[PDB]
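First comes one chain, alone, set out as structure tokens in the form deposited in one PDB entry.
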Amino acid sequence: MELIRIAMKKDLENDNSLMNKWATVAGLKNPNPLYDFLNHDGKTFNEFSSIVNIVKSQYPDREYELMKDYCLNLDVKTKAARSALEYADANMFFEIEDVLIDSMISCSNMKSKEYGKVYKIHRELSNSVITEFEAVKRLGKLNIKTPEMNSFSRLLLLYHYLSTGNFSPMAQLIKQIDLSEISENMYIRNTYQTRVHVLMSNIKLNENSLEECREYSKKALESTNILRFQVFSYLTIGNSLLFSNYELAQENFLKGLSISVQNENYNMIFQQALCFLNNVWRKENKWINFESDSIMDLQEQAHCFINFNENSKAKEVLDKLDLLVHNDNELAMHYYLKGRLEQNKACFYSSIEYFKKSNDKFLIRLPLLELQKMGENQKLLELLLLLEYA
């Protein structure tokens, strides 16, 4: 038996009313499938939603430990194992997901094989093990048949564009996703829908289309019970408030911090967000990570030092950054910081260049402001604001 099955059976002997309870939490609407699941090995709910909602309602503090068990004990050729693959990737449970994936690409179900290979391409692109060209080529050679992997093959490209700072392709691509074509796996369709909400929130943020951003993050939160999507919803709301409402932005970052207490990845993410917030508002910054050589963290140190006219320290940090390789992502902020330290307009023109190149219409308000403060001609500021990059 499965740890989940063991625990449910134990807890049943002491509380019978759980059955009508669990059945309602699982959507079932008469407990026969619950009974069947508990009493017969290898039995499966029609939708992965059922066992997930049960585990979240009855054993939240154990969700990982149990589901890692359950997922890894599934027949890989089933609909439940494909649903479990998406469950793993969505929660960023990369152990469950990666093992599932190597079991799925070798197996004898065509659908599970296709899922495994596409999600494999997503994981390889995520870790910069293959190029985007190689990802597209591989996806093309798969002759994807299912609507689910038709949608996800576009989704993984969206994630890659988001994390590499290549925002201009995102809008046209996300419009191509059509989730109404998913009819066989409602768990996958609903989770993909949440993904689309968060991604559209991000696209709206990067277009400086801010009310929209927050609305789509609202929809994402209402549509999910997955911690990852809640985390990035609060991150995006708070970030959309970066230039306008200090307390509400910090409030969303602190909410996200509070729901991801034990998870160090999310913790680092919200700490970096609060650090950037305090640097934008030129306040004292207790969120700076002084024991890091990541480009983000060093940039935020330099930003703070620049804010408080600690020019020797800022110059030391920028030397550190000079000895590191930047992607086009990081370069705009690099030139913004150099421009502020050196009192230099040309640097702000370079920063604007790279914000345009990445099609980032949100953060580009930082260099523009500086040019405005330095007395830049108003019509010229309009021009720089409205032209864009090929």
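Quick note: we count residues from 1 along the sequence shown, nothing fancier.
Remark: stretch with higher mean C-alpha B factor among 303-311 and 136-144 is 136-144. Annotation for 115-123 versus 98-106: the higher mean temperature factor (C-alpha) is found in 98-106. In the deposited coordinates, the residue among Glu284, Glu184, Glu207, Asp319 with the greatest CA B-factor is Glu184. Each of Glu342, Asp69, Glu353, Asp360 has a CA temperature factor in the record; the biggest one is found at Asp69. Annotation for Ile130: CA B-factor lies in the highest third of the chain's modelled residues. The entry lists a Cα temperature factor for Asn73 that places it in the highest third of the chain's modelled residues. Placement of the Cα temperature factor of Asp178 within the chain: highest third of the modelled residues, per the deposited record. When the modelled residues of the chain are ordered by their C-alpha B factor, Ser83 lands in the middle third. Per-chain ranking of the deposited C-alpha B factor places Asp89 in the middle third.
Although it is not shown, the form deposited in another entry is what the next lines describe.
Between rigid parts that reorient between this form and the one not shown, a hinge sits in the chain, and the option from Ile101, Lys111, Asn239, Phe348 at that spot is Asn239.
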